[PDB]
Amino acid sequence: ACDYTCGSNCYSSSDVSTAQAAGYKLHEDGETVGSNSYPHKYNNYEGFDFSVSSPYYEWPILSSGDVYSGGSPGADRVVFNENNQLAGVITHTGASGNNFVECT
Ligand SMILES: Nc1nc2c(ncn2[C@@H]2O[C@H](CO)[C@@H](O)[C@H]2OP(=O)(O)O)c(=O)[nH]1
Ligand SMILES: [Ca+2]
């Protein structure tokens, strides 16, 4: 069973903490990867009710199981805060345009 289901992509807790740890490290060191400069601030335009406080940062999580290193980011993202607390896992899949919906 999936801990997080983003469209047709299946993720376990370990997939999420692994992706999150990589994004937080880059955030700490003030470095980015890719053309969209990840990790970057997640403004929460959609207004999700995250249990942890802002600011939020997004980092792509890949269905391949690999840690994002620069190519296409896919549609899924892990959202973490300043204290490296997981806010949630989101996706562009099933959302119009460049909007997001939470992964179930
Ligand atoms: N939909 C959405 N995009 C955001 C938000 N915060 C930052 N973004 C970024 O704002 C632009 C318009 O959506 C995109 O560059 C998107 O990039 P990502 O694809 O990297 O999320 C947010 O809260 N919602
Ligand atoms: Ca996996």
Side-chain angles (χ1 to χ4, degrees):
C2 318
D3 285 306
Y4 301 94
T5 300
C6 306
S8 63
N9 291 333
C10 183
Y11 300 113
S12 62
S13 290
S14 54
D15 291 329
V16 176
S17 62
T18 286
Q20 178 185 158
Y24 189 68
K25 173 68 179 181
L26 287 166
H27 170 66
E28 274 191 285
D29 299 337
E31 294 175 359
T32 65
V33 294
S35 293
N36 295 168
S37 294
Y38 292 107
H40 67 71
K41 197 181 177 187
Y42 175 66
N43 303 311
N44 196 19
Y45 292 144
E46 14 284 303
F48 293 125
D49 271 337
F50 296 138
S51 66
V52 303
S53 60
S54 62
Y56 302 120
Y57 302 101
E58 59 175 283
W59 173 253
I61 180 169
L62 308 175
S63 57
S64 66
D66 294 315
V67 170
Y68 181 70
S69 60
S72 177
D76 315 326
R77 311 281 188 262
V78 295
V79 182
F80 59 88
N81 71 6
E82 206 59 63
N83 297 138
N84 197 202
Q85 302 176 283
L86 178 66
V89 185
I90 58 178
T91 182
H92 286 301
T93 304
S96 50
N98 48 47
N99 287 298
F100 284 107
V101 288
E102 286 182 43
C103 296
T104 58

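These numbers come from the heavy atoms of this one structure, side chains and all, not from hydrogens, waters or symmetry mates. Counting begins at 1 with the first residue of the sequence.
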* **Nearest non-hydrogen partners of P73 and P60, listed with the distance** => O-CB, 3.4 Å
* So among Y42, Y38, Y68, which one has a side chain to side chain donor-acceptor pair (under 3.5 Å) with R77? -> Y38
* **Reported CG-to-OG distance for the pair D3 and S13, which is rounded to 0.5 angstrom** => 3.5 Å
* **Nearest heavy atoms of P39 and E31, plus distance in Å** => CD-O, 3.9 Å
* Asked: Is there a chain of hydrophobic side chains (I, L, V, M, F, W, Y, each step under 4.5 Å between heavy atoms) that links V89 to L62?
  -> yes
* Decide yes or no on side chain to side chain contact (heavy atoms under 4.5 Å, CB included) for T5 and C103, but give the supporting numbers first. => CA-CA 5 Å; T5 300; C103 296; 5.8 Å; no
* Does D76 reach the main-chain N or O of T91 with its side chain, forming a donor-acceptor pair under 3.5 Å? -> no
* Asked: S14 and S17: which non-hydrogen atoms are nearest, and at how many Å?
  -> O-OG, 3.4 Å
* Measure from the side-chain N and O atoms of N81 to the backbone N and O of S54, and report whether any donor-acceptor pair falls under 3.5 Å. => no
* Side chains of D15 and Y4: does their closest heavy-atom pair fall under 4.5 Å? -> no
* To do: Following the transitive rule for hydrophobic clusters with a side-chain heavy-atom cut-off under 4.5 Å over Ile, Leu, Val, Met, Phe, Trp and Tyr, establish whether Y57 and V67 coincide in one cluster.
  => yes
* Asked: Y56 and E82: side-chain hydrogen bond (donor to acceptor under 3.5 Å, both in side chains), yes or no, with the steps?
  -> CA-CA 7 Å; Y56 302 120; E82 206 59 63; over 6 Å; no
* To do: Let me see the working for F80 and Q85 under side chain to side chain contact (heavy atoms under 4.5 Å, CB included), right down to the final yes or no.
  => CA-CA 5 Å; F80 59 88; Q85 302 176 283; over 6 Å; no
* List the steps, then state whether ring pair (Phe, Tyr, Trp, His ring centres under 6.0 Å) holds for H92 with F100. => CA-CA 5 Å; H92 286 301; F100 284 107; 4.0 Å; yes
* Asked: Is it true that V52 and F48 fall in one hydrophobic cluster, defined by side-chain heavy atoms closer than 4.5 Å?
  -> yes
* Going by heavy atoms in the side chains, are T32 and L26 under 4.5 Å from each other? -> no
* Would you confirm whether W59, through its side chain, and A19, through its main-chain N or O, come within 3.5 Å as a donor-acceptor pair? => yes
* Approximate separation, where rounding is to 0.5 Å, of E46 CD and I90 CD1 -> 6.5 Å
* May I ask you to test the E58-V78 pair for a side-chain heavy-atom distance under 4.5 Å? => no
* To do: Specify the closest pair of heavy atoms between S63 and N9, including all atoms of both residues, with the distance to one decimal.
  => CB-OD1, 3.5 Å
* Would you kindly confirm whether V16 and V79 end up in one hydrophobic cluster when ILVMFWY residues are joined by side chain heavy atoms under 4.5 Å apart? => no
* Do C6 and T93 have side-chain heavy atoms sitting under 4.5 Å apart? -> no
* Asked: For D49, does the CG atom sit with more than 12 other heavy atoms under 6.0 Å from it, leaving out its own atoms?
  -> no
